[PDB]
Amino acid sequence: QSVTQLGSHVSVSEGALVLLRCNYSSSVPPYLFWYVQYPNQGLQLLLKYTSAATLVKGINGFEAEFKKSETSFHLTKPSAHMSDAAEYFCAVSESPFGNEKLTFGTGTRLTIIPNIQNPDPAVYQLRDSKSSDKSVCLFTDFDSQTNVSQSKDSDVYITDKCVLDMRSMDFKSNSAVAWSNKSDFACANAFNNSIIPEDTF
């Protein structure tokens, strides 16, 4: 009959606790379910329950307690993993199998922050030597503490940070791209903000 998810965006460190709020209202006996959505467009069942018990385990290491006292079904996982980064949806149904219409919450986007161990931030300038005029800047290998600011110049475009995982080398690295069509601009000064004295060039 109704659901809400307080907090629409949660960012937590790798290995830190995940909590994703859900609370419900129902004139009739309620049944709840959690879904998760990735870059892969459709939602998928994370967990549900029959009333065979109150603490429920889900897929991908998750858990939720049905506290009827509290009108809640909060989702938790003791220790966050990078692949938990996704969007999550709490739902309530009148059917105990969720067959007949579900009402969904507003969702909570979950963002995991990587743990960069031996950072060494640097700014590199790349090209495709046969790209005419054009070349790009790559700020990479910065701690998770670091944040990239928006641009202050019509021709200077700068992306946000993004993490990659070379699983073969148990190696993660953050990275952010910048470029401009203004030929009077170099990588040397593109990123100016939240930027460290220990940068290679």
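Numbering starts at 1 and follows the sequence shown.
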Discussion item. Please compare 66 to 74 with 144 to 152 and name the stretch with the higher mean C-alpha B-factor in the deposited structure.
Written reply: 144 to 152
Worksheet item: Out of 122 to 130 and 98 to 106, which one has CA B-factors that are higher on average in the deposited record?
Response: 122 to 130
Worksheet item: Highest Cα B-factor in the deposition, which of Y35, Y38, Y157, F139?
Response: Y157
Fill in: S25 - which third its CA temperature factor falls in, relative to the rest of the chain
middle
Worksheet entry | Position of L17 among the chain's modelled residues by C-alpha B-factor, lowest, middle or highest third | lowest
Response to the item:
Of the three thirds of Cα B-factor ranks in this chain, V10 occupies the lowest
Item to complete: Select lowest, middle or highest to describe the third in which the CA B-factor of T200 falls within its chain in this entry.
Response: highest
Item to complete: Determine, from the deposited record, the chain-internal third of the Cα B-factor for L46: lowest, middle or highest.
Response: lowest
